[PDB]
Amino acid sequence: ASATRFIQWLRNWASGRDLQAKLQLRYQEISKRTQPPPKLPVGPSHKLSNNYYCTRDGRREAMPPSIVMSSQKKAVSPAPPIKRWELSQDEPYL
Amino acid sequence: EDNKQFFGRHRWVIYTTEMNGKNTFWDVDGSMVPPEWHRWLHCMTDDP
Amino acid sequence: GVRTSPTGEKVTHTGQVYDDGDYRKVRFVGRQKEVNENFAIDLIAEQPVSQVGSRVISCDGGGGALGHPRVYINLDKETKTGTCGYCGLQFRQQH
Amino acid sequence: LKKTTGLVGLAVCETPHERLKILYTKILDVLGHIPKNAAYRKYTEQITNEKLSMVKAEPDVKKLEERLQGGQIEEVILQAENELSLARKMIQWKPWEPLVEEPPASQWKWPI
Amino acid sequence: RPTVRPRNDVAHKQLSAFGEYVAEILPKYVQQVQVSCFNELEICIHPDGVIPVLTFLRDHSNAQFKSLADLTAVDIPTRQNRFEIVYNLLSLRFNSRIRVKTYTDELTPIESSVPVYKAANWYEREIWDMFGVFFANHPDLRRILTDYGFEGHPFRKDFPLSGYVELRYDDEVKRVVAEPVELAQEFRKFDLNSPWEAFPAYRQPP
Amino acid sequence: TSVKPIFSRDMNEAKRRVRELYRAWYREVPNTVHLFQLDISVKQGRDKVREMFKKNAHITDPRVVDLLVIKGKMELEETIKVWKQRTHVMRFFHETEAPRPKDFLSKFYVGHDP
Amino acid sequence: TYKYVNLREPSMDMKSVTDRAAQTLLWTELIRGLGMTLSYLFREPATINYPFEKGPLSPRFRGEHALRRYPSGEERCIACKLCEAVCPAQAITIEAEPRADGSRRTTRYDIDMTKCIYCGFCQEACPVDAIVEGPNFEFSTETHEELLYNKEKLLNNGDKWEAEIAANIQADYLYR
Amino acid sequence: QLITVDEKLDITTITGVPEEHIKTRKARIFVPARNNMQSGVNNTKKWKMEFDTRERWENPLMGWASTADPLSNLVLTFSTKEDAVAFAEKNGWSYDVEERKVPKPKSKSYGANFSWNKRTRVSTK
Amino acid sequence: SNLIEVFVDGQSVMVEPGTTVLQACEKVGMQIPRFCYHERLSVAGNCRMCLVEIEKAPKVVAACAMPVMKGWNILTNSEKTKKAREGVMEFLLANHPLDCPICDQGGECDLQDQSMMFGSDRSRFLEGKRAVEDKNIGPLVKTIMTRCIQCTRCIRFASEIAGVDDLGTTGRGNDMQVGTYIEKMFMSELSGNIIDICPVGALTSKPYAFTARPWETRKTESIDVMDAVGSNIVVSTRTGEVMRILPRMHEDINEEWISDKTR
Amino acid sequence: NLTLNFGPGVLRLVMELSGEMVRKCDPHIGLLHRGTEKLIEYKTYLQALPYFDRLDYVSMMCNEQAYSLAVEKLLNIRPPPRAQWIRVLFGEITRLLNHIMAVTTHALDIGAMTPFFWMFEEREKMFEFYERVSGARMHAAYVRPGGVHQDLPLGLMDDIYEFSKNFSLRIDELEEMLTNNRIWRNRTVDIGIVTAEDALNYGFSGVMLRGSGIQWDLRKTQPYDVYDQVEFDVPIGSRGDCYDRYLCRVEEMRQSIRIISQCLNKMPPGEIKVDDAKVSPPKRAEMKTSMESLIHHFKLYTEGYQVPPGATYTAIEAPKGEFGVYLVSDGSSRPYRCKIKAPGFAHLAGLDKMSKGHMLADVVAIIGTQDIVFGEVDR
Ligand SMILES: CCCCCCCCCCCCCCCCCC(=O)OC[C@H](COP(=O)(O)OCCN)OC(=O)CCCCCCCCCCCCCCCCC
Ligand code: SF4
Ligand code: SF4
Ligand code: SF4
Ligand code: SF4
Ligand code: FES
Ligand SMILES: [K+]
Ligand SMILES: [Zn+2]
């Protein structure tokens with residue numbers, strides 16, 4: 001950021017870019033190293049009522065595998081065939 | 001400090017030439033920085 | 001409370017010190033035995049007993065969420081103080 | 001006619017309709033050597049016949065690719081070759097026969 | 001419900017239908033088909049069916065599992081056939097995954113699946129190295145991860161964590177030597193299991 | 001009690017593979033000593049090969065014999081192709097191990113192990 | 001959605017073919033690359049002047065361990081062994097017994113700093129903020145033995161660094 | 001095609017275990033006793049195999065507990081004692097089997113606390 | 001022939017008349033949560049952790065005490081049963097002290113473990129907690145009576161097993177306290193067993209205090225040689241040192257008890 | 001044919017050469033095998049998490065995500081939306097970290113050394129983002145089952161925005177050095193051609209597939225966290241060579257910036273770990289006042305949470321390809337088995353196939369194009 005006008009012009013010309021607008025060295029734009037204290041929010045289970053654990057217990061809703069066939073009609077695929085991808089409209093080609 | 005330098009070079013220390021009876025004119029160590037200044041020098045805080 | 005043994009070695013706050021015939025103290029020759037001089041047992045014994053006007057008092061160790069889990073201490077016995085199990089601070093009921 | 005399939009090692013096919021008609025016909029030929037009640041024959045004949053009807057109904061390659069939903073027509077040709085190769089292997093394996101052996105009783109029990 | 005993983009019945013039904021589809025087509029080899037509560041389809045097969053079942057899944061037009069994601073083993077010493085061999089396959093055409101499992105013991109060889117997937121070459125070498133399962137007709141079966149001359153199969157449940165030998169440089173012989181393992185600090189085994197049951201849904205009959 | 005074999009149907013064919021492996025190991029020892037510049041003799045190397053073979057002389061299962069030959073052939077390939085280094089070949093001889101006591105009294109003096 | 005990174009046809013007019021011939025024979029795109037390194041030569045470097053200048057760190061930084069006290073000087077650690085239990089590397093070893101005043105305190109608290117993975121799980125698990133990873137990262141030693149910390153070393157680290165440790169905790173404890 | 005093998009299953013020679021840790025070790029096959037500190041019984045379901053305890057000594061430097069026993073931490077889990085015994089036999093380990101201890105059914109009656117004429121009458125609640 | 005048919009979650013079991021609901025459930029491998037119930041002590045029915053729904057019965061029954069009737073379907077995992085456990089656990093923890101890090105029970109605590117498995121995962125208790133005076137009952141058993149959950153296991157053990165009526169409850173309601181009332185030592189050859197049966201850290205071994213955590217100990221099942229009874233024991237060791245002695249159940253010898261000398 | 005035992009991550013290559021032509025390539029690995037998978041069986045689920053930082057030790061947080069997703073699937077819980085947005089944000093920062101390492105060390109290996117220095121100052125700035133959220137520059141252990149460990153410090157997103165605003169210019173400078181350089185193209189174009197069918201059968205994934213025209217990206221076809229809520233393009237090659245895979249990786253760096261820009265704007269409020277204290281530890285203030293909280297904190301950090309029994313294969317689109325874990329739970333608080341699927345394992349297994357008919361110096365390029373870290377290959 002302290003480079004002379006000539007040196008700024010020289011390196012801009014050699015690179016073909018406006019290097020001064022996107023310097024890779026950080027100056028004052030960074031955020032201050034001392035910040036005000038946070039006050040973080042709480043989750044949906046922070047309630048005083050209507051909040052029994054048995055109604056929100058994910059682990060106890062897990063089940064053993066469903067056995068569809070044990071040793072003791074239209075054809076099907078594991079899922080529908082995947083759909084063709086669409087070419088990008090942002091920039092289809094490099 | 002010089003806030004016109006880029007982040008990282010905007011703070012520095014010039015070590016004392018003697019610390020706890022050890023000649024440190026040429027032998028400087030990063031561990032000579034005491035804890036209260038350590039926080040400031042490493043930018044863990046803004047206030048010295 | 002750093003005391004030193006007859007052989008000159010400092011006794012730690014845990015009571016450790018190599019005895020006379022212990023070869024292991026050779027490790028300190030030409031070097032030093034690192035000992036912390038601030039015995040927490042002697043430091044907590046310096047704090048005064050806090051006089052309170054309730055049968056039950058709570059201690060979180062000070063500093064709110066920066067202390068220890070908050071515990072409630074019964075002060076019914078009058079022949080001793082109530083001691084916090086976490087930080088060692090003492091309490092006594094007034095009158 | 002497209003310049004490329006976009007997949008390395010997969011060449012464009014100039015005559016996809018004829019190529020697919022030949023492969024599907026070959027598949028139904030090999031499937032005739034499989035017992036009539038084998039599930040593999042019944043299912044493979046059904047899906048092969050469905051693809052064959054599309055090929056006979058749609059002269060346009062791009063619309064055929066849309067009906068088949070198997071990617072580029074060159075990908076569909078390759079899958080037909082894979083099915084034909086598989087069908088010949090099924091004749092040797094005869095997987096429609098009963099289970100060779102039951103596992104030990106606790107073989108598939110988890111947790112132990 | 002914000003903290004509970006949502007179910008997907010459409011995928012569960014699709015995978016159940018395809019599981020039956022496979023069982024009907026290869027009854028010679030399929031022993032069990034199950035779909036887990038998070039929608040993963042497992043086909044358990046007799047080990048004779050490795051090549052036929054994998055070939056069908058790779059090549060059948062209604063399957064097209066062209067990618068072997070992974071191949072590994074699990075050691076379960078309480079079983080008569082202690083080693084469970086697991087194949088995880090991916091179908092790009094149908095955007096689906098499937099798991100094929102079979103079994104073997106210390107002395108029974110499994111047919112190498114390199115003919116079906118070239119990916120299997122190194123995976124089967126690792127299984128041989130770590131579990132000692134031999135794969136028949138492998139193009140080049142040998143250790144891959146352990147040191148040369150290493151004795152034993154480390155990933156077996158009865159192989160000790162720190163092994164039997166350790167290395168150091170010995171100045172007298174001017175080379176690295178192997179010696180029986182001694183540890184300055186023994187690894188501290190922890191007994192962590194709670195004596196109270198956590199999951200009633202998985203309780204086993206007494 | 002009917003099992004799928006590895007390579008051999010019975011002990012007779014297993015023993016044939018064992019002998020072929022021994023011949024390959026026996027003939028390889030002179031090259032190994034020279035290639036790795038070992039400080040043992042060819043007799044010492046061939047004695048070790050016999051010692052390694054003899055410790056398994058009690059096996060009556062052709063499947064166990066088959067795996068032993070498979071592992072022995074793997075061990076030979078590593079040596080012949082110089083995937084092993086001097087340290088790997090010389091590990092068979094344990095020249096930094098002090099001989100552990102054998103009799104009851106010697107073991108009694110040093111510690112508690114059997 | 002996808003894009004092609006390299007699906008293009010060079011033009012085959014004379015002006016385009018002559019453009020590519022000149023690039024081949026006059027090395028124009030090589031000369032262009034020379035321009036970019038030339039531009040960097042005249043940029044200010046990113047190097048900082050260590051040890052007189054230090055790379056920036058945050059209050060969460062996980063450095064050398066220390067054992068902390070209450071303001072009274074009493075040890076915070078009450079030998080609960082949660083840190084030992086959680087330690088992924090089994091780098092912590094603890095023994096405890098009733099102190100002469102009945103207090104629940106450790107008689108051994110070792111951290112093998114060559115087993116430690118500096119993961120911070122011990123300071124998460126501690127219910128009393130007793131064990132922390134401090135801000136110091138400049139404690140390399142000349143011998144392996146110097147990195148086997150016992151309770152005396154760790155208490156001395158706490159007394160040495162508490163001024164900075166407490167300030168860092170003050171900045172981050174509302175995020176915990 | 002299959003073959004007939006009439007031999008006892010022995011894999012000691014292909015496991016890589018040193019000989020000293022096969023012949024000299026004594027495996028213990030047992031169902032763990034309930035930890036008397038707690039009432040839960042979920043840790044008494046499976047069979048466990050562990051090996052004989054061997055020397056631990058103090059590390060001169062730190063006082064840590066050192067060992068030279070590679071199997072000091074090896075504990076295996078089995079659904080039945082038969083599975084545990086089968087695993088022990090093929091690995092060459094001599095073993096002791098301890099039969100499962102099960103609490104015997106008890107006869108409990110809240111009403112006996114108030115017996116008219118029996119000693120089961122409780123003096124407090 | 002004497003057996004009656006009941007159902008545990010719809011699965012039939014044949015039990016002897018007089019079998020409690022809690023015992024019917026353990027015939028199908030289901031362990032009902034409990035605190036006051038101990039199978040070797042008289043039934044108390046005060047903790048209420050064993051409450052369980054009977055199908056088509058509006059009121060939850062105490063499984064430890066209620067005899068099972070023919071044809072009952074016990075719903076050990078219904079919403080009513082789960083809500084009953086959550087509420088009782090919430091009441092148990094309302095006044096309990098935040099002591100786990102300094103409490104010897106931590107890591108082998110039934111209050112911790114059943115709170116993890118059967119209770120809620122948070123607190124809505126916004127008041128101050130009860131705090132209780134400690135009692136001195138000898139050199140062997142340390143008392144931290146703020147941890148007591150008033151299960152009366154120690155009282156029943158002392159009275160029935162040790163035949164010593166020195167333990168009782170004094171006061172009433174939330175102020176009810178377990179102890180001796182007067183300054184008295186509970187010195188009996190079986191006294192150390194109240195440490196094991198106390199579900200919480202209210203009664204702990206004084207010699208064992210603070211030395212180890214349960215997860216780090218290695219259990220060696222062994223035999224006692226202090227007398228000729230041959231009590232079955234577990235020797236807890238850590239890093240090559242004996243830390244404590246625990247009873248090992250043996251129905252035909254020591255049941256689940258040991259003497260103070262053995263312990 | 002001449003035989004050579006090259007090499008002393010660390011790689012040993014045994015190559016058979018015929019003049020200048022590689023006749024065979026035999027990679028000998030395991031020089032960094034550290035029994036991670038066995039060690040994990042002695043750890044609780046939380047204790048095993050830091051092992052995943054040290055697999056592909058250039059993509060630390062992506063590895064954490066794959067493991068956490070697998071555990072959450074077995075647990076039947078889900079992380080809160082803000083945790084999911086943080087995980088996608090840092091997953092794409094991690095992709096930039098990896099891709100910078102891949103391209104520049106690929107270039108450094110073949111003599112183009114300067115771009116390494118330019119872009120590693122960019123890596124150093126992203127190491128700061130890692131340190132500010134977790135206190136560690138690389139092995140953050142920040143993404144955990146149930147969410148993330150802590151919320152972002154105030155002011156971090158502002159600095160990520162400032163970093164991102166200028167980064168595409170850094171990519172442009174890297175392209176000026178390599179993309180049109182005839183020496184770079186001579187070293188990369190038509191080197192290591194892999195066909196679409198060979199790529200699938202050999203088990204390739206990621207750019208090793210897309211370089212050959214296969215339209216596959218797990219972030220699109222099998223999305224996880226909030227990847228279905230962001231917009232981006234998948235780069236696709238046409239020739240399946242080293243040059244096209246170089247272009248794919250450079251373009252993927254640009255698409256990562258595009259995603260990062262969306263994560264910054266759409267970051268929602270709320271908690272950052274599942275509000276279920278039987279899985280995720282309670283806040284420290286709760287742990288020190290509420291009895292239930294203290295119990296659950298105590299048990300989570302000693303026993304750990306128990307995971308319902310079952311087995312899952314979970315995969316993500318990691319920067320090096322498909323990274324998955326086959327995680328088996330026996331119902332306890334420690335995993336029974338954890339097989340790590342590392343994409344570089346199958347890629348390196350294809351080196352012999354890919355190097356056929358090439359010269360010795362091409363093998364260096366082909367190893368670079370595969371993006372090989374032996375932390376994950378050897379595990
Ligand atoms: C009136 C009638 C007059 C008659 C005479 C007219 C003649 C004028 C017209 C002819 C001009 C010819 C110019 C001669 C220069 C050499 C040309 C050349 O060979 O360049 C091509 C060479 C190979 O080209 P390549 O793309 O790799 O492959 C092509 C094969 N299919 O590629 C290369 O060699 C590239 C070089 C590789 C090394 C790169 C490092 C150098 C880059 C910096 C160069 C700086 C400039 C040098 C200045 C020196 C000053 C002393
Ligand atoms: S930082 Fe991690 S590895 Fe190091 S002592 Fe703490 S918990 Fe153990
Ligand atoms: S440092 Fe903290 S977690 Fe570790 S034993 Fe002490 S109080 Fe417990
Ligand atoms: S009795 Fe159990 S719940 Fe209560 S403080 Fe002790 S360990 Fe914690
Ligand atoms: S001291 Fe223990 S056993 Fe006695 S009533 Fe209280 S909790 Fe129950
Ligand atoms: S166990 Fe039934 S009320 Fe206590
Ligand atoms: K107790
Ligand atoms: Zn306090």
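Numbers restart at 1 for each chain; the letters A, B, ... are given by sequence-line order, proteins then strands. Because only heavy atoms are used, hydrogens play no part in the values below, and waters and symmetry mates are left out as well, while side chains stay in. Just follow the structure's listing: the first ligand is 1, and inside any ligand the first atom is 1.
Between I/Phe157 and I/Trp257, the ring centre distance stays below 6.0 Å. Aromatic pair J/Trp184/J/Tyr246: ring centres closer than 6.0 Å. Between J/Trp118 and G/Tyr40, the ring centre distance stays below 6.0 Å.
Using a 4.0 Å cut-off between charged side-chain N and carboxylate O, I/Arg263 and I/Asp224 make no salt bridge. Under a 4.0 Å N-O distance rule, the pair G/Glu29/J/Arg182 qualifies as a salt bridge.
Only protein N, O or S atoms were considered, and those under 3.4 Å from the K ion (ligand 7) are I/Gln105 OE1, I/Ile195 O, I/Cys198 O, I/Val200 O, I/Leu203 O.
For ligand 6 and I/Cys36, the ligand atoms under 4.0 Å from any heavy atom of the residue are 1 (S), 3 (S), 4 (Fe). Of all atoms in ligand 6, listed by their number and element, those nearer than 4.0 Å to a heavy atom of I/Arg34 are 1 (S).
Residue contacts with ligand 6, taken as heavy atom pairs separated by less than 4.0 Å, involve I/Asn46 solely via the backbone atoms N, CA, C and O. At a heavy-atom distance under 4.0 Å, atoms from both the backbone and the side chain of I/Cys47 approach ligand 6.
In terms of modelled atom types and a separation under 3.5 Å, the side chain of I/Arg238 and the main chain of I/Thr217 share no donor-acceptor contact. Listed for the I/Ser159 side chain is no donor-acceptor partner under 3.5 Å among the backbone atoms of I/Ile155.
Annotation: angle subtended at atom 2 (Fe) of ligand 6 by I/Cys64 SG and I/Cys50 SG is 100°, to 10°.
Distances from atom 4 (Fe) of ligand 6 show that I/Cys151 has no N/O/S atom below 2.8 Å.
Using a 3.5 Å distance cut-off with no hydrogens or angles, the side chains of I/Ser78 and I/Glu53 do pair a donor with an acceptor. Between the side chains of I/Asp113 and E/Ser194, at least one donor-acceptor pair of N or O atoms lies under 3.5 Å. Counting only N and O atoms by type, the side chains of G/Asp13 and G/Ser16 include a donor and acceptor under 3.5 Å apart. Judged by distance alone, the side chains of E/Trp196 and I/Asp110 do bring a donor and an acceptor atom under 3.5 Å apart. In the model, H/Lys106 has no side-chain atom that pairs as donor or acceptor with a side-chain atom of I/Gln23 under 3.5 Å.
Protein residues with a heavy atom under 4.0 Å from ligand 1 are G/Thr24, G/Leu25, G/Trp27, G/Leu30, G/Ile31, G/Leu34, J/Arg182.
Nearest approach of G/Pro10 to G/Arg20, heavy atoms of both residues: CB-NH1, 3.8 Å.
At least one heavy atom of I/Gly45 sits under 4.0 Å from some atom of ligand 6.
Looking only at heavy atoms of the protein, atom 3 (S) of ligand 6 is closest to I/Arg48 N, 2.9 Å.
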